[PDB]
Amino acid sequence: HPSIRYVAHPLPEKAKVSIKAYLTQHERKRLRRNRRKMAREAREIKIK
Amino acid sequence: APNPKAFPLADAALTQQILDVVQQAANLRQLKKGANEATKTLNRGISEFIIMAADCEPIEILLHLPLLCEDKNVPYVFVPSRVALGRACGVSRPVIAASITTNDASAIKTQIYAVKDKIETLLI
Amino acid sequence: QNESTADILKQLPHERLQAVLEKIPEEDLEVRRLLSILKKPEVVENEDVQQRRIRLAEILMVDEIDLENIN
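**A word on unusual backbone geometry**
Only a minority of non-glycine residues have a phi that is not negative, and only a minority of peptide bonds are not trans.
Residue and element names in this part refer to chain B.
Reasoning step 1: Residues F7 and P8 are joined by a peptide bond in cis, for which omega reads -5 degrees.
Reasoning step 2: Here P8 is to be found in the segment before α1 (12-27).
Reasoning step 3: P58 follows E57 through a cis peptide bond whose omega is -5 degrees.
Reasoning step 4: Mapped onto the secondary structure, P58 falls in the loop between β2 (47-53) and α3 (60-63).
Reasoning step 5: Of note in the backbone geometry, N73 takes a positive phi value of approximately 55 degrees without being a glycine.
Reasoning step 6: Within the fold, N73 resides in the loop between α4 (65-72) and β3 (76-79).
Reasoning step 7: Unusually for a residue other than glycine, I124 sits at a positive phi of about 55 degrees.
Reasoning step 8: For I124, the position within the fold is in the segment after α6 (109-123).

**Quick notes on the packing of helix α2 (residues 13-23) of chain C against helix α4 (residues 49-62) of chain C**
All names here are of chain C.
Reasoning step 1: As a packed pair, α2 and α4 sit with axes 9 Å apart at the nearest point and diverge in direction by 120 degrees. The orientation of α2 with respect to α4, classified from their angle, is oblique. Between α2 and α4 the crossing geometry is right-handed. From α2, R16, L17, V20, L21 and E22 reach across to α4, where they touch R53, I54, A57, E58, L60 and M61.
Reasoning step 2: Across the contact of α2 with α4, the residue classes tally to 7 nonpolar, no polar and 4 charged.

**What to know about a positive patch on the surface**
All names here are of chain A.
Reasoning step 1: Together, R32, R36, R40 and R43 make up a region of like positive charge exposed at the surface.
Reasoning step 2: Structurally, the position occupied by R32 is in helix α1 (residues 25-47).
Reasoning step 3: The exposure class assigned to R32 is exposed, which follows from its relative accessible area of 54%.

**A short note on empty space enclosed by the protein**
All names here are of chain C.
Reasoning step 1: If you add up the space inside the largest cavity, you get close to 50 Å³.
Reasoning step 2: In terms of lining residues, the largest cavity is bounded by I24, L34, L38, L56, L60, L67 and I70.
Reasoning step 3: At the level of elements, α3 (28-38), α4 and α5 (67-70) are the ones that each hand at least two residues to the lining of the largest cavity.
Reasoning step 4: Of the residues belonging to the lining of the largest cavity, the class tally is 7 nonpolar, no polar and no charged.

Calculation notes
- Residues numbered from 1 in each chain as written, not as in the entry; some residues may be left out.
- Chains lettered and ligands numbered in written order.
- Part of a larger assembly, values for the part shown.
- Heavy atoms only, no water.
- Residues with missing side-chain atoms left out of burial classes, pairs and counts.
- Helix = DSSP H or I, 4+ residues; strand = E, 2+ residues; numbered from the N terminus.
- Axes fitted to C-alpha atoms, helices over the stretch in contact; angles between N-to-C directions.
- Parallel < 35°, antiparallel > 145°, perpendicular 65-115°, else oblique.
- Left-handed = near helix turned anticlockwise from the far one by under 90°.
- Contact = heavy atoms within 4.5 Å.
- Nonpolar A, V, L, I, M, F, W, Y, C, P; charged D, E, K, R; others polar.
- Patch = residues over 30% accessible without salt bridge, like charges linked within 9 Å, V, L, I, M, F, W, Y side chains within 5 Å.
- Areas by Shrake-Rupley, 256 points an atom, 1.4 Å probe, with all protein chains shown as cover.
- Salt bridge = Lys/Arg side-chain N within 4 Å of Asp/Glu carboxyl O.
- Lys, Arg positive; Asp, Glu negative; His and termini not counted.
- Charge placed at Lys NZ, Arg CZ, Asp CG, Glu CD.
- Buried < 20%, exposed > 50% of the residue type's maximum accessible area, 1.4 Å probe, protein only.
- 1 Å grid on protein atoms, 1.4 Å probe; cavity = no way out; pocket = protein on both sides within 12 Å on 5 of 7 lines; lining within 4 Å.
- Points joined across faces, edges and corners; volume = space filled by probe spheres on them.

Written out as structure tokens, the structure reads:
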């Protein structure tokens, strides 16, 4: 009943994970320096 | 796939855990970056385990290490991206191989043994 | 008067970002999803939800692209 003539290659059957990106102490210091520079210039020019 | 040759290669979740240990030991100064310092940790024998990079090219320069790891009987895994690996090591320039070293006073020691155990699960 | 305080204040880089932060909704899956689609890093080393929202704002500011432009 089965077919000898041919050979099957069926069903190549087969989860998102949040990618956590760390970073350097240089980009932490630079990042905080930029944020506090934005807030500082915002409060300074605002109060000006 | 990141090359046919490099084996074993972890998944996204375990890669996330391993990179977490990379950053943590990097904050505890228990890590040694680079292929040369990885080799030094392997020769000294203080290396808990070796992480290496899959996407690096050429692959051979990271393929000298697995022989040395199998010689010293130390576990090793391949994170997919050297950019994410070095980014976890705290260096903008992508790092290929990192090494978690041994400290008896380290607070993360249990974490290192758990991750190391899952690595030994991957090794085969 | 000339150069109205609203024009200078909106021209200020921080407040121009703060106006964009008001346009973004605050949700874990939606804030996270916009980063995932936007291809920027989904999670940084350690951040509060508000800080992730701040990274949204900053990335939309530097790239000069808005939420309606993305989706």
